[PDB]
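> Sequence, then structure. It's an experimental one.
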2 protein chains.
Amino acid sequence: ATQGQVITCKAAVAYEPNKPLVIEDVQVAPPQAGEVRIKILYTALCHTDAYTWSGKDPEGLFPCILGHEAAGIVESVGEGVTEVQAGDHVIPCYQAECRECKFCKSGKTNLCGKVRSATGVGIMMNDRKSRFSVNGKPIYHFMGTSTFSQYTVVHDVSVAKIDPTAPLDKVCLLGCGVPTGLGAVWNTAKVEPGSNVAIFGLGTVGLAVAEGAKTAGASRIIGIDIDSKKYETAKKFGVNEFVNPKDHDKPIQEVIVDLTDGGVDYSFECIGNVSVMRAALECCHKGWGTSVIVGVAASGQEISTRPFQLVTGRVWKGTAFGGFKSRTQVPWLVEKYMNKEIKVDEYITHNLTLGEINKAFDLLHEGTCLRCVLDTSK
Amino acid sequence: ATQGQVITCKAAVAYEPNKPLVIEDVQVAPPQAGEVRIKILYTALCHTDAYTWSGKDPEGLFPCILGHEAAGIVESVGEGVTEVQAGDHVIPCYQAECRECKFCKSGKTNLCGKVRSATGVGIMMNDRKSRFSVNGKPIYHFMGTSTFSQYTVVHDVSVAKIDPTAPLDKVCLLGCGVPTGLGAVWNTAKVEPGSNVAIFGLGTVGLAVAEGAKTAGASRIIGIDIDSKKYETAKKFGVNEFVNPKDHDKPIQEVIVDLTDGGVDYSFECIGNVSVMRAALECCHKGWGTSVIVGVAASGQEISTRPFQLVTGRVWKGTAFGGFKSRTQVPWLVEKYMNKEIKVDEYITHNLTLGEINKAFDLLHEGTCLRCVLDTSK
Ligand SMILES: NC(=O)c1ccc[n+]([C@@H]2O[C@H](COP(=O)([O-])OP(=O)(O)OC[C@H]3O[C@@H](n4cnc5c(N)ncnc54)[C@H](O)[C@@H]3O)[C@@H](O)[C@H]2O)c1
Ligand SMILES: NC(=O)c1ccc[n+]([C@@H]2O[C@H](COP(=O)([O-])OP(=O)(O)OC[C@H]3O[C@@H](n4cnc5c(N)ncnc54)[C@H](O)[C@@H]3O)[C@@H](O)[C@H]2O)c1
Ligand SMILES: [Zn+2]
Ligand SMILES: [Zn+2]
Ligand SMILES: [Zn+2]
Ligand SMILES: [Zn+2]
């Protein structure tokens, strides 16, 4: 039995920014009250991992085990945990759903405050310490998930129980970019049939917005990206018009307004660039257009516009995980995937192993790369 | 009888920015196709008039007859005019409602449309000339209204027909500030019973927000003003807590978040100050708070925030004329007033004559002045 015992396993440890990750045998402590220990079978990576690895995350603490997009099988649960048990298939989520805080009970938001005071500084709530160690020294958790590892320990309030027949090498993507994009359309914007939409940035997030908009019945789905090779890829996801800002001297907002005789019904910024966020708002139609910020700006960066943009009827909003409540709705997303109503496989452009994680990180710089999934068994 | 004749009457003319208005006899030409000539009995003044008069307006065309808040009686109508006739009591409105343009037909906005190509450059649609002259030299219209005169000519699409028993020296306020503040609450924000609200600026607009919020069922109605004398006044309008930012070292948004354990459900900026607009966004509650810009900022000034504010669930909006459709809904607001369901009288702190209009502009500096109503007979 591994039950109640320390597990020794392989993990990719980031000891310093910009140094290659080291595959180590780490000690993974057993789960304390309200905790779940998960055997991670597959983990994806994205630029959020890379940002922290690169030393730019104000919350980054080293050494740490990165990774926040994964799916595995519960090994063991700690005292009091009732919603999952050993053997359940699960997606650990970086956004919790406690069901008991003011945010959860509001019915007006998917934010949840419950464990953020621990997860944001790389530790567990129960004892304000890590469950990972190498040579008896602690290793920080990351985003409450730490999925670059054969085993992790997470808060129960962050574990989504999923269909046990769903392929774990695909549904790992339902912990980040795909829900955020779909949900930006379906939950945050509530895009109606016939709407015209602009999507700025055609990475995994922007491609999931395109899928969500297409599914919701949008008409024009105009993609905007500085890399023109993104368009052929994006077509399959629903983008049906394309503009590269580099092909126009006029501000991209002015180009989209011209193209649409006044602007779009909804826009989505899927990059993290405050200038492009402004452009996204300014290309929305007067009277009713709504812009949704999905990208995450760097610390200290600000969005600006002239207030007449809002006085004359444009609405500025943003989204966190697409407005989805993680424990309740990630499983539903998995169901939709199993019934072929959402795409997941099409976002997975590469498959490597945890051992090749440094090689995976090198792929993030390639324009053709959407998500890369890692098999943690080797 | 005066129908078909040029009328000679008193008007206050602005010959250039920043000089006292000249009370002159002027010639008011008869109405042409789709026009209405109105005997104005009472007109108020506001910031919008002063913005142009002071030379701050970029549209600023001189010489002109300023004024946009008024009530009167129709003296005659032009060819094709069917919805009003001689003897009707009316409020001319700077916001048109044609019912026939893409915006009027949309059902998603109040922002017509139909006569701006003329009103925006001080003339009439039918012949692209002005109806006003002095000594044979044209005087431009303003805002499609020009109500600082005993008679004016306005496009039919801008004329609200109202209860002929309503007092014209009170309902002259129902073409600008009072509707904007009420509707910002009822139409733009859709404030729910039990909401907590912050209102930045307790002039006529902010007090109208207070009354809208109180009527909608709001709980905490927190007023913020740099003039603490404004509070005692605001209480009757519904304001039930007050903060003067000068009494705090911390930025006002931080004070308001501390006072409300996280922020308000809705905020309203009722000043026109881009820094305050930002504060009003940043004092909204995480996950759901919405801020509505009601204030009109100087041309060129930008609003800014960090986009994490919107990603974590605050929504930034703004309003034009409180979302009310002028011709349809101004008569409804008059009905509400006559049935004692909305305040109007209480916003009128001073009464002067058109002869005294320069003293009225002086009162716009007066902390004690909300609206000043001018009797055009002298
Ligand atoms: N709000 C949330 O809850 C949430 C969750 C996940 C990811 N995100 C954010 O979404 C963003 C997108 O992530 P991703 O994994 O899709 O990123 P990505 O790197 O795969 O894609 C970004 C795309 O933007 C394009 N781009 C860059 N600069 C551009 C510009 N100036 N104009 C137009 N296109 C431009 C790139 O060519 C690329 O196609 C990131 O900021 C990420 O942090 C947000
Ligand atoms: N959106 C629209 O359709 C529309 C229509 C009418 C008026 N407006 C605008 O609404 C705004 C207010 O008009 P009003 O007639 O009520 O103005 P007002 O001058 O009577 O009132 C402004 C109030 O704000 C206060 N104030 C000034 N600076 C402040 C600060 N830094 N912090 C807190 N309080 C401050 C003043 O003390 C005053 O009490 C104006 O900008 C006007 O242009 C908008
Ligand atoms: Zn991710
Ligand atoms: Zn919670
Ligand atoms: Zn006004
Ligand atoms: Zn119209």
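Noted; the coordinates are in hand. Numbering: from 1, shown residues only, chains lettered A, B, ... in the order given. Ligands and ions are numbered 1, 2, ... in the order given.

> what's near enough to touch residue A:66?
By CB atoms under 8 Å, 6 or more residues apart in numbering or on different chains, the contact list for residue A:66 reads A:12, A:14, A:21, A:45, A:49, A:52, A:53, A:142, A:146, A:147, A:148. In short, each C-beta sits where N, CA and C put it, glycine included.

> Kindly reformat these as TSV containing neighbour count, distance to ligand 6 and secondary structure.
Shown next, in TSV, are these (neighbours: other CB atoms under 10 Å in any protein chain shown; distance: CB to the ion, whole Å; DSSP: H, G, I helix; E, B strand; the rest coil):
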residue	neighbour count	distance to ligand 6	secondary structure
A:12	29	61	strand
A:14	27	60	strand
A:21	21	61	coil
A:45	29	52	strand
A:49	28	52	helix
A:52	22	52	helix
A:53	26	55	helix
A:142	28	55	coil
A:146	33	58	coil
A:147	34	55	coil
A:148	29	58	coil
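
> just those that are near chain B?
Filtering the contacts of residue A:66 for neighbours of chain B using CB under 8 Å from any CB of the partner chain leaves an empty set.

> In CSV, list those residues along with distance to ligand 2.
Output for the contacts of residue A:66, formatted as CSV (distance: CB to the nearest ligand atom, whole Å):
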residue, distance to ligand 2
A:12, 52
A:14, 47
A:21, 51
A:45, 47
A:49, 43
A:52, 40
A:53, 44
A:142, 42
A:146, 46
A:147, 48
A:148, 49
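
> Can you name the residues that contact the residue of the stretch 251-378 of chain A found nearest ligand 2?
With CB to the nearest ligand atom, the shortest gap between the stretch 251-378 of chain A and ligand 2 falls at residue A:311, namely 5.5 Å. Contacts for residue A:311 (CB under 8 Å, 6+ apart) come out as B:293, B:296, B:318, B:319, B:320.

> so does stretch A:247-263 get close to ligand 1?
No - Stretch A:247-263 lies out of reach of ligand 1 by CB under 6 Å from any ligand atom, never closer than 7.3 Å.

> hmm, back to that, quick check, nearest of the contacts of residue A:311 to chain A?
Relative to chain A, the closest of the contacts of residue A:311 is residue B:318; by CB to the nearest CB it sits at 3.3 Å.

> What distance do you get for the closest one to residue B:20?
Applying CB to CB, to the nearest Å, the value for residue B:318 to residue B:20 is 34 Å.

> more crowded one of the two?
Using other CB atoms under 10 Å in any protein chain shown, the more surrounded residue of residue B:318 and residue B:20 is residue B:318, with 25 against 13.

> Quick one: neighbours of the closest residue to chain B within the stretch 51-200 of chain A, just the number.
The stretch 51-200 of chain A approaches chain B most closely through residue A:109 (3.0 Å), counting by CB to the nearest CB. Using other CB under 10 Å, residue A:109 is surrounded by 19 other residues.

> Tell me if I'm right that residue A:350 and residue A:368 touch.
No - shown here, residue A:350 and residue A:368 do not form a contact pair, counting by CB atoms under 8 Å, at 9.1 Å.

> So for the two, which residue has more residues nearby?
Counted by other CB under 10 Å, residue A:350 and residue A:368 do not tie: residue A:350 has more neighbours, with 18 against 11.

> Can you check the distance spanned by stretch A:279-297, start to finish?
15 Å (CA to CA, to the nearest Å).

> Skipping adjacent residues, who's closest to the residue of the stretch 51-200 of chain A closest to chain B in space?
Nearest residue to residue A:109, sequence neighbours excluded (CB to CB, 6 or more residues apart in numbering or on different chains): residue B:287, at 3.0 Å.

> can you tell me the residue of chain A closest to ligand 5?
Closest residue of chain A to ligand 5, CB to the ion: residue A:311 (14.4 Å).

> Look up phi and psi at that residue.
Per-residue torsions, residue A:311: phi -50, psi -40 (degrees, to the nearest 10).

> And for the one 4 residues further on?
Dihedral pair for residue A:315: phi -120, psi 130, per degrees, to the nearest 10.

> Please verify my assumption that it contacts residue B:314.
No - assessed by CB under 8 Å, residue A:315 is found out of contact with residue B:314, at 11.4 Å.

> With neighbour numbers in mind, choose between those two.
Between residue A:315 and residue B:314, counting by other CB under 10 Å, residue B:314 is the more crowded of the two (25 against 21).

> From residue A:293, how far out is the more buried one?
For residue B:314, the distance to residue A:293 - CB to CB - is 11 Å.

> Mutual contacts of those two, please.
residue A:318.

> Distance of the residue of the stretch 251-378 of chain A found nearest ligand 4 relative to residue B:262?
Residue nearest to ligand 4 within the stretch 251-378 of chain A (CB to the ion): residue A:325, separated by 9.2 Å. Per CB to CB, residue A:325 is found 20 Å from residue B:262.

> what about those two, which has more around it?
residue A:325 (22 against 16).

> Would you map the helices across chain A?
Counting by DSSP state H, the segments of chain A that form helices are A:47-53, A:102-106, A:116-119, A:168-171, A:177-183, A:204-216, A:230-235, A:252-259, A:274-282, A:308-311, A:326-338, A:357-363.

> Could you dump these into a markdown table and include distance to residue B:266?
Formatted as a markdown table, these follow (distance: least, CB to CB, whole Å):
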| stretch | distance to residue B:266 |
| --- | --- |
| helix A:47-53 | 32 |
| helix A:102-106 | 15 |
| helix A:116-119 | 25 |
| helix A:168-171 | 39 |
| helix A:177-183 | 24 |
| helix A:204-216 | 28 |
| helix A:230-235 | 38 |
| helix A:252-259 | 28 |
| helix A:274-282 | 20 |
| helix A:308-311 | 14 |
| helix A:326-338 | 27 |
| helix A:357-363 | 45 |
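
> got a markdown table for those, with distance to ligand 3 too?
Conversion of these to a markdown table gives the following (distance: least, CB to the ion, whole Å):
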| stretch | distance to ligand 3 |
| --- | --- |
| helix A:47-53 | 5 |
| helix A:102-106 | 22 |
| helix A:116-119 | 15 |
| helix A:168-171 | 14 |
| helix A:177-183 | 5 |
| helix A:204-216 | 8 |
| helix A:230-235 | 18 |
| helix A:252-259 | 26 |
| helix A:274-282 | 20 |
| helix A:308-311 | 31 |
| helix A:326-338 | 13 |
| helix A:357-363 | 13 |
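
> quick one, which of the ones you listed is nearest to residue A:83?
Closest approach to residue A:83 among those (CB to CB): helix A:326-338, 7.5 Å.

> Report the contact partners of the residue nearest to residue A:109.
Residue B:287 touches A:103, A:106, A:108, A:109, A:110, A:111, B:312, B:313, counting by CB under 8 Å, 6+ apart.

> Just flag the most distant two among those residues.
Among these, A:106 and B:312 lie farthest apart (CB to CB), at 13.4 Å.

> Settle it for me: which of the two has more neighbours?
Counted by other CB under 10 Å, residue A:106 and residue B:312 do not tie: residue B:312 has more neighbours, with 17 against 13.

> Spatially nearest residue to that one (excluding sequence neighbours)?
residue B:286 is the one closest to residue B:312 (CB to CB, 6+ apart), at 5.2 Å.

> and that neighbour, how far is that from residue B:200?
Residue B:286 is 19 Å from residue B:200, by CB to CB.

> residues in the stretch 1-150 of chain A within reach of ligand 4, list them.
A:98, A:101, A:104, A:112, A:114 (CB under 5 Å from the ion).

> List just the nearest of the residues you listed to residue A:181.
For those, the nearest to residue A:181 is residue A:112 (20.3 Å; CB to CB).

> For residue A:16, see how far away the closest one is.
32 Å.

> Who has more neighbours out of these two?
For residue A:112 and residue A:16, the more surrounded residue by other CB under 10 Å is residue A:112, and the numbers stand at 23 against 11.
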